[PDB]
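Worksheet: one structure, shown below.
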Amino acid sequence: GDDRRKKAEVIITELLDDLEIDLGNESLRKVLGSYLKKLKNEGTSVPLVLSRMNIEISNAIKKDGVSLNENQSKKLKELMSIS
């Protein structure tokens, strides 16, 4: 019953599709995009990859000061909540 990887990838895909390509959130889309490939290609565990990502989304979210709407931050929190 473990589909944390599939679940994590789904949330990122959804998030990226929603974020919109713009100068404002390029750094965030970058991290998101980067971890989506790490999830599919790296032999690492979901908790290890996401713990490292959790950190990354931090200094990127406040970089350009990405202003995420309620729905997006909840999608993000729901991502970290996986592990």
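If you're wondering about the labels, chains in the structure tokens are A, B, ... by order shown, residues count from 1 in each chain, ligands from 1 in order shown.
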Got a sec: who's within 9 Å of residue 4 of chain A, counting only C-alpha atoms, leaving out chain neighbours fewer than 5 positions off, as a list in words?
residues 9, 46, 82 and 83 of chain A
Take the residues from that selection and put them in a file with N, CA and C atoms, as a compact mmCIF listing (two decimals), in the first residue's frame.
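What follows is the written file result-v1.txt:
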```txt
# COMPACT_ATOMS: atom_id res chain seq x y z
N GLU A 9 5.02 12.51 -6.58
CA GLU A 9 5.17 12.96 -7.96
C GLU A 9 3.89 13.64 -8.48
N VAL A 46 11.86 7.99 -0.53
CA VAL A 46 11.05 9.20 -0.57
C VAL A 46 11.37 10.17 0.59
N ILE A 82 3.99 14.00 3.36
CA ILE A 82 4.19 12.62 2.93
C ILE A 82 5.38 12.07 3.70
N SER A 83 6.37 12.94 3.91
CA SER A 83 7.59 12.64 4.66
C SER A 83 8.70 13.59 4.25
```
Segment 58-67 of chain A: which residues within 10 Å, counting only C-alpha atoms, same-chain residues fewer than 2 positions away excluded, as a list in words?
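Final neighbour list, sorted by chain and number: residues 23, 24, 25, 26, 27, 28, 29, 30, 31, 53, 54, 55, 56, 69, 70, 72 and 73 of chain A.
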Using only N, CA, C and O atoms, please write the residues we just selected to a file, as a PDB file, in the first residue's frame.
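Saved result, selection13.pdb, follows:
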```
ATOM      1  N   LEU A  23       8.542  34.922 -14.268  1.00  0.00           N
ATOM      2  CA  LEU A  23       9.791  35.338 -13.638  1.00  0.00           C
ATOM      3  C   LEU A  23       9.700  35.294 -12.117  1.00  0.00           C
ATOM      4  O   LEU A  23      10.712  35.158 -11.426  1.00  0.00           O
ATOM      5  N   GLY A  24       8.477  35.400 -11.606  1.00  0.00           N
ATOM      6  CA  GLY A  24       8.250  35.390 -10.173  1.00  0.00           C
ATOM      7  C   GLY A  24       8.520  34.076  -9.470  1.00  0.00           C
ATOM      8  O   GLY A  24       9.221  34.056  -8.458  1.00  0.00           O
ATOM      9  N   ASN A  25       7.972  32.979  -9.991  1.00  0.00           N
ATOM     10  CA  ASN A  25       8.169  31.673  -9.370  1.00  0.00           C
ATOM     11  C   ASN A  25       9.065  30.694 -10.121  1.00  0.00           C
ATOM     12  O   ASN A  25       8.877  29.486 -10.007  1.00  0.00           O
ATOM     13  N   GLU A  26      10.043  31.188 -10.874  1.00  0.00           N
ATOM     14  CA  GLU A  26      10.920  30.284 -11.616  1.00  0.00           C
ATOM     15  C   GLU A  26      11.767  29.423 -10.676  1.00  0.00           C
ATOM     16  O   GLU A  26      11.953  28.229 -10.906  1.00  0.00           O
ATOM     17  N   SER A  27      12.267  30.029  -9.608  1.00  0.00           N
ATOM     18  CA  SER A  27      13.089  29.300  -8.650  1.00  0.00           C
ATOM     19  C   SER A  27      12.324  28.140  -8.021  1.00  0.00           C
ATOM     20  O   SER A  27      12.872  27.056  -7.842  1.00  0.00           O
ATOM     21  N   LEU A  28      11.057  28.373  -7.683  1.00  0.00           N
ATOM     22  CA  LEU A  28      10.223  27.338  -7.072  1.00  0.00           C
ATOM     23  C   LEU A  28       9.929  26.221  -8.062  1.00  0.00           C
ATOM     24  O   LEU A  28      10.033  25.045  -7.728  1.00  0.00           O
ATOM     25  N   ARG A  29       9.557  26.597  -9.281  1.00  0.00           N
ATOM     26  CA  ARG A  29       9.259  25.622 -10.318  1.00  0.00           C
ATOM     27  C   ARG A  29      10.518  24.816 -10.580  1.00  0.00           C
ATOM     28  O   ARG A  29      10.452  23.625 -10.868  1.00  0.00           O
ATOM     29  N   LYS A  30      11.664  25.479 -10.472  1.00  0.00           N
ATOM     30  CA  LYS A  30      12.951  24.826 -10.683  1.00  0.00           C
ATOM     31  C   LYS A  30      13.130  23.689  -9.670  1.00  0.00           C
ATOM     32  O   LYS A  30      13.349  22.537 -10.052  1.00  0.00           O
ATOM     33  N   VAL A  31      13.031  24.020  -8.381  1.00  0.00           N
ATOM     34  CA  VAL A  31      13.163  23.039  -7.304  1.00  0.00           C
ATOM     35  C   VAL A  31      12.150  21.923  -7.497  1.00  0.00           C
ATOM     36  O   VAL A  31      12.484  20.740  -7.455  1.00  0.00           O
ATOM     37  N   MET A  53      14.425  18.316  -0.163  1.00  0.00           N
ATOM     38  CA  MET A  53      13.632  19.235  -0.963  1.00  0.00           C
ATOM     39  C   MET A  53      12.963  20.254  -0.070  1.00  0.00           C
ATOM     40  O   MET A  53      12.897  21.434  -0.398  1.00  0.00           O
ATOM     41  N   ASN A  54      12.452  19.776   1.057  1.00  0.00           N
ATOM     42  CA  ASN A  54      11.775  20.628   2.021  1.00  0.00           C
ATOM     43  C   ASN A  54      12.653  21.832   2.311  1.00  0.00           C
ATOM     44  O   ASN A  54      12.177  22.964   2.377  1.00  0.00           O
ATOM     45  N   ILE A  55      13.946  21.581   2.475  1.00  0.00           N
ATOM     46  CA  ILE A  55      14.884  22.651   2.752  1.00  0.00           C
ATOM     47  C   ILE A  55      14.959  23.597   1.555  1.00  0.00           C
ATOM     48  O   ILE A  55      14.847  24.816   1.699  1.00  0.00           O
ATOM     49  N   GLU A  56      15.133  23.022   0.371  1.00  0.00           N
ATOM     50  CA  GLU A  56      15.226  23.793  -0.860  1.00  0.00           C
ATOM     51  C   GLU A  56      14.050  24.737  -1.106  1.00  0.00           C
ATOM     52  O   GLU A  56      14.255  25.902  -1.427  1.00  0.00           O
ATOM     53  N   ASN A  69      -0.928  31.109  -3.197  1.00  0.00           N
ATOM     54  CA  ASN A  69      -2.308  31.225  -2.742  1.00  0.00           C
ATOM     55  C   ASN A  69      -2.590  30.052  -1.792  1.00  0.00           C
ATOM     56  O   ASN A  69      -1.853  29.064  -1.788  1.00  0.00           O
ATOM     57  N   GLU A  70      -3.643  30.168  -0.988  1.00  0.00           N
ATOM     58  CA  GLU A  70      -3.999  29.120  -0.031  1.00  0.00           C
ATOM     59  C   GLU A  70      -3.889  27.710  -0.606  1.00  0.00           C
ATOM     60  O   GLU A  70      -3.247  26.840  -0.018  1.00  0.00           O
ATOM     61  N   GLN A  72      -2.192  26.512  -3.095  1.00  0.00           N
ATOM     62  CA  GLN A  72      -0.851  26.064  -3.445  1.00  0.00           C
ATOM     63  C   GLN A  72       0.001  25.719  -2.237  1.00  0.00           C
ATOM     64  O   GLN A  72       0.714  24.718  -2.247  1.00  0.00           O
ATOM     65  N   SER A  73      -0.068  26.543  -1.196  1.00  0.00           N
ATOM     66  CA  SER A  73       0.700  26.278   0.022  1.00  0.00           C
ATOM     67  C   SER A  73       0.199  24.993   0.679  1.00  0.00           C
ATOM     68  O   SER A  73       0.973  24.260   1.299  1.00  0.00           O
TER      69      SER A  73
END
```
Enumerate as an MDAnalysis selection string all residues of chain A assigned to alpha helix (DSSP H) by DSSP on the backbone, naming them with the chain letters and numbers the document uses.
chainID A and resid 4:19 26:41 46:61 70:80
Long-range neighbours of residue 40 of chain A as a PDB file with N, CA, C and O atoms, in the first residue's frame, 9 Å cut-off, only C-alpha atoms, 5 positions minimum in chain:
```pdb
ATOM      1  N   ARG A   5       5.793   7.554  -3.464  1.00  0.00           N
ATOM      2  CA  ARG A   5       6.538   8.079  -4.610  1.00  0.00           C
ATOM      3  C   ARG A   5       5.549   8.564  -5.659  1.00  0.00           C
ATOM      4  O   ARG A   5       5.649   9.694  -6.132  1.00  0.00           O
ATOM      5  N   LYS A   6       4.597   7.711  -6.029  1.00  0.00           N
ATOM      6  CA  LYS A   6       3.580   8.116  -6.997  1.00  0.00           C
ATOM      7  C   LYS A   6       2.815   9.347  -6.461  1.00  0.00           C
ATOM      8  O   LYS A   6       2.610  10.327  -7.177  1.00  0.00           O
ATOM      9  N   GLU A   9       5.024  12.507  -6.582  1.00  0.00           N
ATOM     10  CA  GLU A   9       5.173  12.962  -7.961  1.00  0.00           C
ATOM     11  C   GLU A   9       3.889  13.635  -8.478  1.00  0.00           C
ATOM     12  O   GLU A   9       3.940  14.671  -9.146  1.00  0.00           O
ATOM     13  N   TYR A  35      13.131  18.086  -8.196  1.00  0.00           N
ATOM     14  CA  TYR A  35      12.811  16.951  -7.344  1.00  0.00           C
ATOM     15  C   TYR A  35      11.883  15.939  -7.983  1.00  0.00           C
ATOM     16  O   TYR A  35      11.900  14.759  -7.614  1.00  0.00           O
TER      17      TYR A  35
END
```
One decimal, Å: what's the distance from atom CA of residue 14 of chain A over to atom CA of residue 77 of chain A, could you say?
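Separation between atom CA of residue 14 of chain A and atom CA of residue 77 of chain A: 13.6 Å.
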Tell me, as a PyMOL selection string, which residues lie within 10 Å of residue 15 of chain A, counting only C-alpha atoms; anything in the same chain fewer than 4 positions away does not count.
chain A and resi 9-11+19-20+29+32-33+71-73+75-76+79
What gap, in Å, lies between atom CA of residue 80 of chain A and atom CA of residue 34 of chain A?
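A separation of 15.6 Å between them.
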So what do you get for atom CA of residue 8 of chain A versus atom CA of residue 68 of chain A, distance-wise?
18.8 Å
Closest to residue 16 of chain A among A:49, A:57, A:36, A:74, using only C-alpha atoms?
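Closest residue, counting only C-alpha atoms: A:36.
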